Structures are given as C-alpha cells and as structure tokens.
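*Asks:* Could you work out the structure for the sequence below:
(one chain, ligands or ions: 1)
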Amino acid sequence: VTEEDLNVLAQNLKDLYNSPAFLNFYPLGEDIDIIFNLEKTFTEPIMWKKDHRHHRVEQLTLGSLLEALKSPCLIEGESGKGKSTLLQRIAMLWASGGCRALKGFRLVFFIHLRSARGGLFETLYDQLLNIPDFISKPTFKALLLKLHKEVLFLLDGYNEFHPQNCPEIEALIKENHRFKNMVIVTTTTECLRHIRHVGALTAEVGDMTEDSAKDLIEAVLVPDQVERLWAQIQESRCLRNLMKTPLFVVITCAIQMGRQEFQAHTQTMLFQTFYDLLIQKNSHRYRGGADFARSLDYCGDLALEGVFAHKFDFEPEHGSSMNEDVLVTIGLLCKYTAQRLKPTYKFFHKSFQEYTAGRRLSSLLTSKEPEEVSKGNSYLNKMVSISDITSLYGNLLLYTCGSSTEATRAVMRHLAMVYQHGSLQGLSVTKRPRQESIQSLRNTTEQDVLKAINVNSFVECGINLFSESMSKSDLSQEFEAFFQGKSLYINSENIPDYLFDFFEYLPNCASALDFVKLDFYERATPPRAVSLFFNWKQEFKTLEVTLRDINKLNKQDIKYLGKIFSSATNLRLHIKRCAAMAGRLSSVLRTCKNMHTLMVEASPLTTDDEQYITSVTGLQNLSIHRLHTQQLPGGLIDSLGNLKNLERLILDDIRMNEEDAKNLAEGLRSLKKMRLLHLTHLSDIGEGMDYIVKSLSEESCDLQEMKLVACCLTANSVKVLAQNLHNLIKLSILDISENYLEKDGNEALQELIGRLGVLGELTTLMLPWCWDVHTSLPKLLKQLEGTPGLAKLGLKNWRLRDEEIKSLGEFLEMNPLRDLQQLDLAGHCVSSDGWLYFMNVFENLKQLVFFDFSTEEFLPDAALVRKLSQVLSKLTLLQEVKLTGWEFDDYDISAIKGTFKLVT
Ligand SMILES: Nc1ncnc2c1ncn2[C@@H]1O[C@H](COP(=O)(O)OP(=O)(O)O)[C@@H](O)[C@H]1O
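*Replies:* Numbering: from 1, shown residues only. Okay, here it is:
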C-alpha cells in the first residue's frame, strides 16, 4: 500500500470533485435549461444544531459545522432543502482547499446511497470510477482502517437507501467504531428515525431566505423573467412560503420559462403545473403510435412500484427499454448519461417520482374503472404500519391527497383504520430512558413512550395531508374519524402554518384528540403560539404542557398561560428548571377545571406554591425534584394527606428532618390510591424511615412500585418491610438500593430475602448493602429460582467475590433469566480471571440493556478486554455500559466502543 498510491488516489478524487462534470448539474434534467454550479450558483444556507428533543440549539454555517464535526454527523430537512448539494459542496471545498476544516482529510468520498450495492469497495469503485486498478478490496479496507479519521465519507439520501442491498455501508454508518472513518449522512426529517440513535451531531438545513431565493432566481433566469416571477412571488403568499425550499424555487423557475402566468397554491400544485406543462410542451415529440395515455399510465405505475419497492433507479433489461425511452422523449424521466452496465433511468428528483406516483394513485382511486380503483385500494392496502406511512409513504400521500379530494377521502378513511405501529426504533426523545417526563411517569414501559411518540408523528402526517388536501371543512367527517383518540405535538418555538389551518377549519378534530402536548422553551410568551391558540376558540380533552428554562416571568406571561391552560378540561404540567415560578403556581393555574399531574423539577417553590399543590385534591400524580427550602406547617409534606386521589408520588432531594419524615409518614397513611412511590435522596432524616415504611406496608395496598434510595433506610425499616411485605402483593418493582444497613443489617436483609416469595409479579429487585451482604447471595438465588421473569437485578456494594461471581454464574446457567434487562454489580471484588469466567454466561443474556461493573481502581488483563469487546458485540440491546475504575487510557479503548454510551 504505497504512499505514492494513496496520493494517486487522493489526486483522482480531487480531480473528480474539481471537474466541470461534478461542479455542474441539471437539477430538473438535461431537457430543461437550468444549470446549477457548486461554486457559482450556491448560496450559503442556514443550519441548525439539533437537540435530542428536536429543538434547535444553535445557528450554524457549513464552515462552522465542518469545524465542529463529530461522527456520525446527520444532516436533515424536508425534501428539496439542499442536503445533497451540501454534500457536493463539502466535497468541492475539500478539493478546492477552500476550507481549512477539511484540510485534515486525506480522502473524501462522495456517493449516492441509492446506488450502494455489493460492498463499500464495489460501491466506491463503480460510482467514482477513478479508483486505481491495483488497489484491492482487502488492501483498501486495511487502507481505510489505517487512515483512521483522515477519511471523510459523504453519504447521500439514507431515505433512498435500502440497507439490505449493501450491509457494509449500513455498518459504516451504524457501527462507526469498527471503521473509525468519519461519516456524514444525509436523510429526510421523515426518515431520520432510521439513523437517529447513531448520530453524534445532528444539523438541519434551514429555509431559504428571500435574498438567497432571489439570488438563485436571478442566476438561472433572464432579468425580465426574474422580475416577472418575483412579482408573482410577492403577490401570492403560498408561493412565498414555497420559496423557502430551493428545489421548489428551481421548479417555479422552470415553470416560468415555459409559462408566463401561473397560480400554484400548494407544493402538489407546483408539481402538477410542472407536469402538465411538460406534457403540453413535449407531447409533440411522440410520433410513434396510436398510445400517449398508455405511456403516462406506465410512468405512474413505474413511480408507484418504485416507491413501494424502494427503487428510485430503473433499469429494464436491454432492448426492453421502449416505454422508458418514450418517457425520456416526453421528459417525465431521465436516463443516466454516464456509462452504466445496462440502461438506467430516474426522475429528476425523488420528489417528482413521489408526485408522479401520487398523481397515479389518485387517478386510480378516483377512476371510473372498478379495476383501477381496486388496484389503487390495493396500493393503499400495502400500507399497514404507521412507521412505514410517516417515513416511506408520507410524501406519496401528500401528493395523492394534494391531487384530488375524493382521493383524500380514501386515504383518510384508510389511515383512520390503521392499528399497527411498526418499528419503534429511532423514536426516543431522551437518553437511555419515570420522573424524566409525564410521558415516563404516566407510561408503564419504554415501548409505551415510543408508541406515544409514534402517534404524535402519525397525527402530524395527517395534518399535513389535511393542509395539502385544500378542503377547508369539507372532509371534517373523515378527518375527525382519523384524529380521534390520538395525540398532537406542538412546539411553541416552532409552529407550522398547517397547525393554524387545523385549528381554524377543524376545531372538532383538535377536541377529538385524547391530548395535545405543548412545549415552551425559554419563552413563556412565543407570540406565534399565542396567535395559534387565541385566534379561534378551542376545547381540549387534555393539555400536556412542559415549561422549559423559564427564568423570567411577567404579567403578560402569567395571564396568557392562564388563558391557554383554560382551553383544556384536563391539564398535565411539567415545570423544568424554571426559576420564574415563585408565587406564580397559584396564579398561572388560577383557571383550571382539572390538573391531572404535576411535575416540578430543579425549580424553587415558595410556601404559597406548596400550599396550592396540596390545595388541589384531584391530583393523581405528583413529582417534585429538589426542594431545598425548609418545611414549615401548612407545607407540602405536613399536609400531604390532602390529596387522597394521588396514585403516584415522587419526592426527590427534599430538605427534611426526622420530624418532617414522621409527618410524611402520617401523610402517606391517607393515600389509599398509590400504585407508585419514590422517596429518593433524602438526607438527615433520622430513623424517619422506620415510621415511613410502617405507614406504607401496614395495610393491604395497591402499590406496584417502591423506590426507597439514598433516603436514610434503617435495618429496622427493612425488617418492617419484610414483616409487612405480604400487605403489598402487587409490587412488581422494589428498589431499596443505595442504602447501608448499619446494625443487624444482614439479619434484616436475609429476613427480607426470605419474604420475597410473597411477590409473584416482581420484575425488579435492587438491594441495599451491609456488612457480610455477599453471605446472603446463595439465599437470594434460591428465592430467585421462583422468579424467572426478573427484569432488573442489582446488588450494589455487596462486594461480590469470585465465589459469589461463579455462584451467580452457575445460578444464571442453571436458572437462566432470559428477560433480565439490567444488571448492577458495583463495588465488587472480582478478579480479571473472575470476570473472564463470567463473560461466558454474561454473553447469553441478550435482553440486557444496562450493566454496571464499576469498582475500585482496577486494571483488566488484556485477555479480559478482548472478551469484553466480543461480548459487547454479541449483545445488540446495550443502551448503557458503566465501567468506572476500569483502566482504559491508551490501549484497549478503540474496540470497546459501541452504539451504546460508555462510562469510564
Ligand atoms: N445553497 C443553495 N443555493 C441555491 N440553490 C440550491 C442550494 N442548495 C440546493 N439548491 C437547489 O435546490 C435543488 C435541490 O437540491 P437537493 O440537494 O437535490 O435537494 P435535497 O436536499 O432534498 O437532496 C438543487 O438542484 C439546487 O438547484
């Protein structure tokens, strides 16, 4: 692998990216005169750094993004936003030397992910064509690995990518640690779920500014046509909105070249104007036969099957290209000029394939031939799961509904019938996910959270379809059937125009939603949100609102929030890191029929607020985090008994003392509905837990979750818990962890372990620690023989030794836990050989999400590490790996990386 050869490779890539062929392309195809140049026609876009919650953190430039690069980096936006051109721009900048950020890269490869087949080498070789003859697939792979992060891959259109065709590139994106090259991946917002978990940086391509839009217009158009078109843009609002995306700008430019005056109100109508214009101009070239319509039908079917088969390139066998060729003559599709093994065709953009397919689908559904309608409904029947619908079929239905009203009837009638989620993969809004959100608190499982998100996205798709349908109130019957029992997500910082249409023309659907989730970021009063909610009178079953980082609150903010909260019969409220809520909890909530749940997190609360919280007796869920204000009479915990309907209580980091703990105990006696209790991180409450535990377990209970952690738990309280454990039968979750039992600790703990048989449904056990805890390990395992469904197990600071570690291993082999999701063994005494033995059984729990092996400073033998990486490969479901005190500095770290987050 001579360095000469590497330089010849780099020179070839640079030659390709610097050629007029790479620099210039026809956006709309070779048969329409518009030419885009990566250097000259390119206007700098605005980009946004993205937060897990899909909120925009920071504004960026391409240069700043390249400067800040972390891999994998994901660039997202709606179709036609300019992402592909962004990648081509990066490639061109690297060649030019024009960018300092890219100077670190020895090699940059740009490929369209759509044409990825075979393996990485074959794809690069076949696409780029400039790869030296004597560099071979193994030699090339070794070259990339050796070259490390000095290689930049620009991968375009993951939405156009079917990963089974090329698993190697899929791995290049998804497992980047094996490769250690840098990757930048392009995808739509719709399909972002597929790559979301993988990306270390996420940026969105923003809308196109009027200056930039007209810059593009002026470039590709003659001046008369430039001002004529611009007048048309400024006179119509819809066109102005359509001009925020560059592709549509190019398309209207093309329309303007053909047509003097045009009316398109929707992006579907833009495409329709263009298509109709194409037939009008180019119909005359077909001199061949008696059928034009048969050819158009062929095009529509080509696009339709294309979307469903995920095939955006069309290669018929050689000699059979006749219909495709006729379609090239008309200009509906383009054939690849570059030399291909066989003739290959495509639509100028994916969105045009989607439009042609939508026009075809609508034409089938609205057809006067029962057969065609049957085929169209058959196409609809291919859409089962919402996952496929929002991502794969989303644009298909946008143009389908956009084309005809009758078609929206069929589509909405179908979507209302859809019970299937599909893939829940990329939906997570948190990091390795109760207490984190209402969504975590109110939902029993993570899957439920993901499903909830999926429904939000499904509904947004539905509203998009609603706006494109352009039927104001006419379809309200069909639409309400769809939206009913579903949920809507609204970000006050980002409000789409179709939300206004939805609220305006369809108030019944907004009321038919089970709930609306409202998010406020840093501002209690965006004005656009105010406009959205106030303009028309809405009524909501439930409003779920989260107030984020609001440290400034005034009268306008409070009164306005009151008006917004009054829109719903039920209200669920989360206050996160809000320093502006002091006296204001009572005033903000002044008009509420029902407040269902309240979450206050890392926010200061005065005695007035505490009093108001206990004042509302209808509260079924209460979670407060970090109250450092001392408790007085009339306080939060003094009268906790006021809320008798509370089914979930979470108290975290509460300033309390022994008497406060006793008052809390007396209060817990009065809550008969509690199925969830978390008392966590309570310090200085002396013996308060003896009192607290008694009140909980004294009587027969509905309690299904108890987390007592870092609160001061006494061995007496654990003994009481053991004695009264028969009173809480339904408990599936017991976390007593992070507690030391001082005296009679092992006796009390064994006493508890002995009474574990009482709990039939117990899926989670987290144990406290004491002197000689490990001696209780055999006893615990016998109890666990009758607990095959244990999801979470931990013994923290039990100091397990090799005898205990093999004991647990043998237990695991004989009595396997096949559902065990996470294992916490912390502060253990395990030899490197000891862990090495354990890796054998450790390999076979595949449902393991999280494991903590942390300990006192410990150097794993390398032989242990080899197996560490290998077992980590065998476990696909790892979300979190926590190894603390393990020494990996120079040597073993490179192989230990994974999709999961690792803590060292
Ligand atoms: N920075 C830019 N300035 C001006 N026009 C642009 C810019 N980026 C893209 N365009 C135009 O928008 C069209 C669509 O770009 P493309 O990247 O294919 O869409 P997508 O982002 O969906 O892949 C291009 O043909 C180009 O003419």
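*Asks:* residue in the stretch 451-600 of the chain nearest to the ligand?
*Replies:* residue 464 (16.7 Å; Cβ to the nearest ligand atom). Any C-beta I mention is one placed from the backbone N, CA and C, and that applies to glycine too.
*Asks:* Let me know the helix or strand that that residue is in.
*Replies:* helix 446-469 (DSSP states H and E).
*Asks:* Tell me the helix or strand right after that helix.
*Replies:* Next along the chain after helix 446-469, taking DSSP H and E as the criterion, comes helix 476-483.
*Asks:* who in the stretch 501-650 of the chain is up against the ligand?
*Replies:* Within reach of the ligand by Cβ under 6 Å from any ligand atom, the stretch 501-650 of the chain has no residues at all.
*Asks:* Tell me which stretches of the stretch 501-650 of the chain form helices.
*Replies:* For the stretch 501-650 of the chain, the helices defined by DSSP state H, counting those that start in this stretch occupy 507-512, 527-535, 555-565, 584-588, 607-615.
*Asks:* by contact count, what packs against the third one?
*Replies:* To tie it back to what came earlier, the one meant is helix 555-565. Under the contact criterion of 3 or more Cβ pairs under 8 Å, 6 or more residues apart in numbering; DSSP states H and E, helix 555-565 touches helix 527-535, strand 540-548, helix 584-588.
*Asks:* same thing but 10 Å
*Replies:* strand 515-521, helix 527-535, strand 540-548, strand 568-576, helix 584-588 (3 or more Cβ pairs under 10 Å, 6 or more residues apart in numbering; DSSP states H and E).
*Asks:* The fourth one now?
*Replies:* Using 3+ Cβ pairs under 10 Å, 6+ apart as the contact criterion, the elements in contact with helix 584-588 are helix 555-565, strand 568-576, helix 607-615.
*Asks:* List the buried residues in it.
*Replies:* By neighbour count with 16 or more other Cβ atoms under 10 Å, helix 584-588 contains the buried residues 584, 585, 587, 588.
*Asks:* and what of the first one?
*Replies:* Buried residues in helix 507-512, defined by neighbour count with 16+ other Cβ under 10 Å: 507, 509, 510, 511, 512.
*Asks:* Residue numbers of this structure in contact with the ligand?
*Replies:* 27, 36, 41-43, 45, 79-85, 216, 246-247, 250.
*Asks:* Give me the buried subset of these.
*Replies:* If you count burial by 16+ other Cβ under 10 Å, the buried members of the residues of the chain next to the ligand come out as 27, 36, 41-42, 45, 79-85, 216, 246-247, 250.
*Asks:* Return the subset of those residues lying in helices.
*Replies:* The helices, defined by DSSP state H, take in 83, 84, 85, 216, 246, 247, 250 from those.
*Asks:* Highest mean neighbour count out of the helices and strands packed on helix 584-588?
*Replies:* The highest mean neighbour count among these, using mean count of other Cβ atoms under 10 Å, belongs to strand 568-576: a mean of 21.
*Asks:* Sheet-wise, list the partners of that one with their directions.
*Replies:* Strand 568-576 pairs in its sheet with strand 540-548 (parallel), strand 594-601 (parallel), by DSSP bridges.
*Asks:* coming back round to it: looking at the helices and strands packed on helix 555-565, which is closest to residue 791?
*Replies:* Minimum separation from residue 791 across these (Cβ to Cβ) falls at strand 568-576, 26.5 Å.
*Asks:* That closest one relative to helix 555-565, how many degrees between them?
*Replies:* 130 degrees (axes from the mean of the first three to the mean of the last three Cα atoms, to 10 degrees).
*Asks:* Now the buried residues of helix 507-512 in CSV, please, with extra columns for distance to residue 904.
*Replies:* Converted to CSV, the buried residues of helix 507-512 look like this (distance: Cβ to Cβ, whole Å):
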residue, distance to residue 904
507, 54
509, 50
510, 49
511, 51
512, 50
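*Asks:* between these, which is closest to residue 141?
*Replies:* Within the buried residues of helix 507-512, the smallest distance to residue 141 is 53.9 Å, found for residue 509 (Cβ to Cβ).
*Asks:* ok, so what distance separates the closest residue to the closest one other than its chain neighbours from residue 34?
*Replies:* Spatial nearest neighbour of residue 509, excluding adjacent residues (Cβ to Cβ, 6 or more residues apart in numbering): residue 483 at 4.2 Å. Applying Cβ to Cβ, to the nearest Å, the value for residue 483 to residue 34 is 40 Å.
*Asks:* Between the two, which is the more surrounded one?
*Replies:* Neighbour count, other Cβ atoms under 10 Å: between residue 483 and residue 34, residue 483 has more, with 26 against 19.
*Asks:* Just say helix, strand or coil for the spatially most distant residue from the centre of the chain.
*Replies:* Distance from the C-alpha centroid of the chain peaks at residue 290, with 52.2 Å (Cα atoms, centre = their mean). Judged by DSSP: H, G, I helix; E, B strand; the rest coil, the three-state class of residue 290 is coil.
*Asks:* Residue 58 now?
*Replies:* Three-state call for residue 58 (three-state DSSP): strand.
*Asks:* Please verify my assumption that it contacts residue 201.
*Replies:* No - between residue 58 and residue 201 there is no contact under Cβ atoms under 10 Å: 11.4 Å.
*Asks:* any residues in contact with both of these two?
*Replies:* Residues touching both residue 58 and residue 201 (Cβ atoms under 10 Å, 6 or more residues apart in numbering) are 49, 50, 68.
*Asks:* which among those gets closest to residue 763?
*Replies:* The closest of the shared contacts of residue 58 and residue 201, once distances to residue 763 are taken by Cβ to Cβ, is residue 50, at 34.9 Å.
*Asks:* The residue lying closest to the closest one once chain neighbours are set aside: what secondary structure?
*Replies:* Take residue 50 and drop its neighbours on the chain: the residue closest to it by Cβ to Cβ, 6+ apart is residue 202, 3.8 Å away. State at residue 202, reduced to three classes by three-state DSSP: strand.
*Asks:* List the contacts of residue 202.
*Replies:* Neighbouring residues of residue 202 by Cβ under 10 Å, 6+ apart: 48-52, 54, 57, 70, 72-76, 192, 195-196.
*Asks:* Of those, which is the nearest to residue 414?
*Replies:* residue 192 (24.6 Å).
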